[PDB]
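Let's start with one chain on its own, the form deposited without its partner chain, as structure tokens.
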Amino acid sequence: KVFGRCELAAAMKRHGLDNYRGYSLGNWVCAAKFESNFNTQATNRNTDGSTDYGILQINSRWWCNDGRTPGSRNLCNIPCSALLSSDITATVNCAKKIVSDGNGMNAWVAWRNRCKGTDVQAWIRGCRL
């Protein structure tokens, strides 16, 4: 499912991501935009052989099981395909574990590179929340 900006903002909000760990809603949306272009079906393979899945491009090396990443750790306890659903719940639960892990949102390269330090509030402007 390809989300609309405001639609995603409202779902993430509803899922408790606004200010989760001190990161405002616009950070989350900004990251989704740049990680997957708001598409829950986004997948991308990496050189280490791992793959990134979903709207937040969660990696199979640590976070989910895809059956083809030797040495995966499966920290969120889910199959990676659960991160491609139209229902963002598993993505959100898994993202909260990630962000709580120590480097915060820096875990997301597109976030660090394109969102961090910008006026991320722009991402939820005009939304009915």
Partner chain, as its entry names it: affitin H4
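Positions refer to the first chain, counted from 1.
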Looking at the entry, does 1 to 9 or 119 to 127 show the higher mean C-alpha B-factor?
119 to 127
So, looking at the entry's B-factor column for Cα atoms, which has the higher mean, 73 to 81 or 25 to 33?
73 to 81
Looking only at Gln41, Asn59, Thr47, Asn65, the Cα with the top B-factor belongs to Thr47
Hey, what third does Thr91 fall into on Cα B-factor, ranked over its chain?
lowest
Relative to the other modelled residues in the chain, which third contains the C-alpha temperature factor of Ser100: lowest, middle or highest?
highest
Among the modelled residues of its chain, does the C-alpha B-factor of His15 lie in the lowest, middle or highest third?
lowest
